[PDB]
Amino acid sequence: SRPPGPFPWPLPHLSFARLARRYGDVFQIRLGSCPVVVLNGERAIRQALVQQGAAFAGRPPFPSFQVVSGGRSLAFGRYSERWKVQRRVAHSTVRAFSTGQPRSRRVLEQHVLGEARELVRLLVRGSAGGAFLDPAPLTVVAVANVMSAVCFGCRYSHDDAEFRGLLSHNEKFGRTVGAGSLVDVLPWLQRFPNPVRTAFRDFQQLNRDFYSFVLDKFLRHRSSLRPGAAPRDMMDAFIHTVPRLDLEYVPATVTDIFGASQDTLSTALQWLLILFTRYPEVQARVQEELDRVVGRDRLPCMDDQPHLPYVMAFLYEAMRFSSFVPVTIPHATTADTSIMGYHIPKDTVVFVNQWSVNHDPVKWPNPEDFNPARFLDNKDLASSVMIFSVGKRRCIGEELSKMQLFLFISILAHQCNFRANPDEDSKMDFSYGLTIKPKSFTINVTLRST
């Protein structure tokens, strides 16, 4: 009555496809001490998260998830009548900046082009001569600075000590999440001294310390915001949006907002850049379009988003091709329910394999081939690209990140031409972990004319 019996796992998102190509689109595995249901087909995923949304809108009660954002994290909070309220106002407030309305063209846009302009500088200048440089560190800083200005209005300068403290936080966080995830499925590691416990204890103090940082900006904001003024950033907007929830939920969602923003947008920029170098034809087609729609005396902006159907097509498939978020945040069942004729008890840990969707040869004919033209005359097969999830837990920053990413590649593609390194293999290897990042690579960025 239940899906193929738990197979001890590990024997990562690819192994899941290997066992989905043997025991069907839905199977179970024993993960350390936790039993997990893996969904792979789009049928299984859409039928679970969309048609049976409420039944799957939950989250496990993992140790990792408890200290993040001071316990009121939206990304990891359980499914509650109060979480539903948080999500509703969270999603609505952050998409208010995705749009082209006044709010958005004030906070997001001119901070993005402000940092994009700064980034093409450091690239063009870092490749001076025939020099080559690794762009990955510059995508982390760029993404951290933009969301800094978006959540607290503070667009730091790369000298700033407070900013070098944010970058340092993000690094330590990425270096200890592994330990946190290991304590989630092997909780017996908190019983005796070990490296994972020391790293997990470091993990949790890291979150306490950073949520403390965000909660400081919350007061200085609330203390300083006159009642008739429009929001200077996204924490002002959340202050204005105030069952009902504690005042402390405001900085908790703003910590989630900044947090989930870092490694994801960083990883995306790295994919967009390496793809330009390994696929010069699309680089040429992309930028040449920007000329026909933006000219050559002004940097692109949000007003050009609809008149640039290809730059988005290049984005929508960059996401499909890499699927750098191959598995969403673990889900949990709110009650007993059915999937593909399989019984699922309540409170079961369920994984969601997005990579299986974006690489099922049936759905996308030649999945391992890069061709943005898939999404062109598109409108609603770009919504089939599953890099953000679907259902009640779908990313609340979907539209904010494709709007922010677009501006980055448009300003970058508008100003410069990106060249690969000849000493490097024409192939793109993949670096797995947290996200699927392109293994270290070099590029030479030059200022173009056309």
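The first residue of the shown sequence is 1; numbering continues from there.
Gap size between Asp377 and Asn378, counting deposited residues with no coordinates: none, 1 to 3, 4 to 9, or 10 or more?
Per the record, 4 to 9 deposited residues are absent between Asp377 and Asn378.
Unresolved deposited residues lying between neighbours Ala131 and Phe132:
Unresolved stretch here: none.
Of 120-128 and 261-269, the one with larger mean CA B-factor
In the deposited entry, the stretch with the higher C-alpha B-factor mean is 120-128.
Higher-scoring stretch by recorded Cα B factor average, 304-312 or 67-75:
Between 304-312 and 67-75, it is 304-312.
When the CA B-factors of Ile29, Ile396, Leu412, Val390 are compared as recorded in the entry, which is the largest?
That would be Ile29.
Comparing recorded Cα B-factors across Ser104, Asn353, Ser224, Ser148, which one is largest?
If I rank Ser104, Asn353, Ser224, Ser148 by C-alpha B-factor, first place goes to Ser104.
Using the temperature factors of the C-alpha atoms in this entry, rank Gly178 within its chain: lowest, middle or highest third.
Middle third - that is where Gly178 ends up once the chain's C-alpha B-factors are sorted.
Thinking about Cα B factors across the chain, which third does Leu407 belong to?
Lowest third, going by the recorded CA B-factors of the chain.
Could you place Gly228 in the lowest, middle or highest third of its chain by Cα temperature factor, using the values in the record?
Tercile = highest for this residue's CA B-factor.
Select lowest, middle or highest to describe the third in which the CA B-factor of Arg419 falls within its chain in this entry.
For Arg419, the deposited C-alpha B-factor lands in the middle third.
Looking at the temperature factor on the CA atom of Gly53, which third of the chain's modelled residues does it land in?
For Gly53, the deposited C-alpha B-factor lands in the highest third.
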